[PDB]
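Undergrad: My questions all concern the structure below.
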Amino acid sequence: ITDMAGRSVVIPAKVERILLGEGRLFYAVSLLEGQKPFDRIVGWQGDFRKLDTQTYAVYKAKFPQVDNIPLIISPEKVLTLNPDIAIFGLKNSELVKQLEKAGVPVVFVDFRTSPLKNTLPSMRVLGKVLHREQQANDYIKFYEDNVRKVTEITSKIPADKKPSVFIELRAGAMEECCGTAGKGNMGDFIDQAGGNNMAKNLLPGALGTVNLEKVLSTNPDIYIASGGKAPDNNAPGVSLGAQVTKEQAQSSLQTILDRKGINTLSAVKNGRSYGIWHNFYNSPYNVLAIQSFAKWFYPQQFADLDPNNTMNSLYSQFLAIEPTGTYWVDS
Ligand SMILES: [Fe+3]
């Protein structure tokens, strides 16, 4: 193996005990664990349980054991869990040092900073080091095919024909507005879906913030807000995920679109304004976002493309729960 930090690592002999240093790495692991999702997970960081309460609650009702997975508990205690392997994303510098001095192998994967470069390499690696190469090679082919449906068209489109796009990540509460993605993160999706991300040249990094005045002045063709907020939660933000209905999503999206300034945007007035589930920013399920983006960017060329079909297929083929809720929405 060569991991996403360029480190060389040795495939364990056996793996029955996996440590998830970033909780949302569960999403990648879920694609390899078939009907037994939590069986080999001895502990995890609590971002999956605390930030994706919706997906979690759906997993709990079919697997109540999940509440007893330890949350990364002193570092020392976690070493007692005797992990065969620890997976981390590109704060956890101490936990990593201890694990390495315990002769535990550590793998760094990535689906957040450089998703285009790394989503599939990340899956290929997890395939090998977790003894699930077929399920990985399967998801990879399924991902590639569902992305080719888009790139076959968008790869050939010249820059001057492409719509301008601004994506506001975690839109909501705009005393602090215009958090977005630049040369990476969801900008990779915009790139692949044949969009022109207005923030690509404003930002040095994958993630960052932009001034509202800069969005108003560019006045992009397309506006996207991301969110993963539960419906019953009067906090501001777009409400999407496994327990959100179409009607809850539109209602919450509309609240976001009606903020001072944002509501004057041409893209808002022309109804080229959309919502995407935030967690696609760190997940190999991101193919769904790429497809949602293409469909928004070029509605007719992708008229028959339905991300809901791809999602139902992904769940059918790889997961152990039923798809529910709303992961994207239109004005
Ligand atoms: Fe985040």
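In the structure tokens, each chain is lettered A, B, ... as it comes, each chain's residues begin at 1, and ligands are numbered from 1 in order of appearance.
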Which polymer residues have any atom within 8 Å of an atom of residue 253 in chain A, counting only C-alpha atoms, with same-chain residues fewer than 5 positions away left out, as a PyMOL selection string?
TA: chain A and resi 225+237-239+274-275+329+331
Undergrad: Could I get the residue neighbourhood of ligand 1 at 9 Å, counting only C-alpha atoms and all ligand atoms, as a ChimeraX atom specification?
TA: /A:51,169-170,278-279,281-282
Undergrad: Quick one: write out the picked residues with N, CA, C and O atoms as a PDB file, in the first residue's frame?
TA:
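Contents of out_28.pdb, as written:
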ATOM      1  N   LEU A  51     -22.523  14.411  14.449  1.00  0.00           N
ATOM      2  CA  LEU A  51     -22.799  15.357  13.370  1.00  0.00           C
ATOM      3  C   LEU A  51     -23.761  14.799  12.314  1.00  0.00           C
ATOM      4  O   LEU A  51     -24.432  15.581  11.635  1.00  0.00           O
ATOM      5  N   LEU A 169     -21.048  26.536   1.692  1.00  0.00           N
ATOM      6  CA  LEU A 169     -21.010  25.384   2.574  1.00  0.00           C
ATOM      7  C   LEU A 169     -21.586  25.764   3.928  1.00  0.00           C
ATOM      8  O   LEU A 169     -21.271  26.822   4.453  1.00  0.00           O
ATOM      9  N   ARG A 170     -22.440  24.895   4.464  1.00  0.00           N
ATOM     10  CA  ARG A 170     -23.048  25.115   5.766  1.00  0.00           C
ATOM     11  C   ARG A 170     -23.702  26.490   5.800  1.00  0.00           C
ATOM     12  O   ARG A 170     -23.617  27.202   6.790  1.00  0.00           O
ATOM     13  N   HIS A 278     -24.439  18.318   3.134  1.00  0.00           N
ATOM     14  CA  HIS A 278     -23.096  18.814   3.408  1.00  0.00           C
ATOM     15  C   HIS A 278     -22.072  17.677   3.462  1.00  0.00           C
ATOM     16  O   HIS A 278     -20.941  17.841   3.013  1.00  0.00           O
ATOM     17  N   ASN A 279     -22.487  16.523   3.998  1.00  0.00           N
ATOM     18  CA  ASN A 279     -21.547  15.461   4.298  1.00  0.00           C
ATOM     19  C   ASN A 279     -20.975  14.828   3.030  1.00  0.00           C
ATOM     20  O   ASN A 279     -20.032  14.059   3.143  1.00  0.00           O
ATOM     21  N   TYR A 281     -19.169  16.250   1.332  1.00  0.00           N
ATOM     22  CA  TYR A 281     -17.850  16.947   1.287  1.00  0.00           C
ATOM     23  C   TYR A 281     -16.741  16.053   1.865  1.00  0.00           C
ATOM     24  O   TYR A 281     -15.571  16.408   1.718  1.00  0.00           O
ATOM     25  N   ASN A 282     -17.104  14.937   2.496  1.00  0.00           N
ATOM     26  CA  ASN A 282     -16.108  13.968   3.028  1.00  0.00           C
ATOM     27  C   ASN A 282     -16.689  12.557   2.935  1.00  0.00           C
ATOM     28  O   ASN A 282     -16.872  11.933   3.987  1.00  0.00           O
TER      29      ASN A 282
END
Undergrad: For CA of residue 89 in chain A and CA of residue 118 in chain A, quote the distance in Å rounded to one decimal.
TA: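 Between CA of residue 89 in chain A and CA of residue 118 in chain A the gap works out to 11.3 Å.
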Undergrad: Any chance you could list, as a PyMOL selection string, the residues in range 144-267 of chain A that come up alpha helix (DSSP H) when DSSP is run on the backbone?
TA: chain A and resi 144-154+187-192+212-218+246-257+266-267
Undergrad: For residue 241 in chain A, which residue among A:213, A:52, A:39, A:304 is the nearest when counting only C-alpha atoms?
TA: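 Looking only at the distances to residue 241 in chain A, the closest residue turns out to be A:52.
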Undergrad: When you draw a straight line from CA of residue 289 in chain A to CA of residue 87 in chain A, how long is it in Å?
TA: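 Computing the Euclidean distance for CA of residue 289 in chain A and CA of residue 87 in chain A yields 24.1 Å.
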Undergrad: Rank nothing, just name the residue among A:173, A:311, A:277, A:326 nearest to residue 248 in chain A, using only C-alpha atoms.
TA: A:326
Undergrad: Would you please extract all strand (DSSP E or B) residues from range 11-169 of chain A, as assigned by DSSP on the backbone, and give them as a VMD selection string?
TA: chain A and resid 18 to 20 41 to 44 71 85 to 89 106 to 109 164 to 168
Undergrad: Could you save those same residues with C-alpha atoms as a PDB file, in the first residue's frame?
TA:
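Output (selection_23.pdb):
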ATOM      1  CA  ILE A  18     -10.574  -1.330  13.131  1.00  0.00           C
ATOM      2  CA  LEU A  19     -10.086   2.094  14.649  1.00  0.00           C
ATOM      3  CA  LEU A  20     -11.737   5.042  12.878  1.00  0.00           C
ATOM      4  CA  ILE A  41     -15.220  -1.405  14.477  1.00  0.00           C
ATOM      5  CA  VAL A  42     -13.707  -1.323  17.966  1.00  0.00           C
ATOM      6  CA  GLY A  43     -13.838   2.443  18.321  1.00  0.00           C
ATOM      7  CA  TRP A  44     -14.423   5.659  16.398  1.00  0.00           C
ATOM      8  CA  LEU A  71     -15.798   7.052  21.191  1.00  0.00           C
ATOM      9  CA  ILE A  85      -5.402  -1.047  12.086  1.00  0.00           C
ATOM     10  CA  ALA A  86      -6.272   2.642  12.373  1.00  0.00           C
ATOM     11  CA  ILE A  87      -7.649   4.752   9.509  1.00  0.00           C
ATOM     12  CA  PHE A  88      -7.349   8.557   9.596  1.00  0.00           C
ATOM     13  CA  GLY A  89      -8.167  11.470   7.321  1.00  0.00           C
ATOM     14  CA  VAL A 106      -1.959   3.693  10.474  1.00  0.00           C
ATOM     15  CA  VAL A 107      -3.518   4.523   7.094  1.00  0.00           C
ATOM     16  CA  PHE A 108      -4.275   8.061   5.911  1.00  0.00           C
ATOM     17  CA  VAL A 109      -7.075   8.314   3.300  1.00  0.00           C
ATOM     18  CA  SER A 164     -20.773  30.156 -13.050  1.00  0.00           C
ATOM     19  CA  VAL A 165     -21.442  28.554  -9.642  1.00  0.00           C
ATOM     20  CA  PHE A 166     -21.010  29.623  -6.008  1.00  0.00           C
ATOM     21  CA  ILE A 167     -21.408  26.964  -3.311  1.00  0.00           C
ATOM     22  CA  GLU A 168     -22.031  28.191   0.230  1.00  0.00           C
TER      23      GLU A 168
END
Undergrad: Please identify all polymer residues within 10 Å of residue 65 in chain A, counting only C-alpha atoms, omitting same-chain residues fewer than 5 positions from it, and present them as an NGL selection string.
TA: :A and (38-39 or 59-60)
Undergrad: So that I have them on file, write out the residues from the current selection with C-alpha atoms, as a compact mmCIF listing (two decimals), in the first residue's frame.
TA:
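Result went into again.txt, see below:
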# COMPACT_ATOMS: atom_id res chain seq x y z
CA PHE A 38 -20.18 -2.38 12.65
CA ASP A 39 -18.77 -5.87 13.21
CA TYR A 59 -28.44 2.59 11.69
CA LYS A 60 -29.35 2.37 15.42
Undergrad: Of the candidates A:249, A:14, A:114, A:34, which one gets nearest to residue 139 in chain A if we count only C-alpha atoms?
TA: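 Once distances to residue 139 in chain A are computed over only C-alpha atoms, the minimum belongs to A:34.
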Undergrad: Could you check the closest approach to residue 129 in chain A for each of A:100, A:233, A:16, A:310 and tell me which residue wins, using only C-alpha atoms?
TA: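 The closest residue to residue 129 in chain A is A:16.
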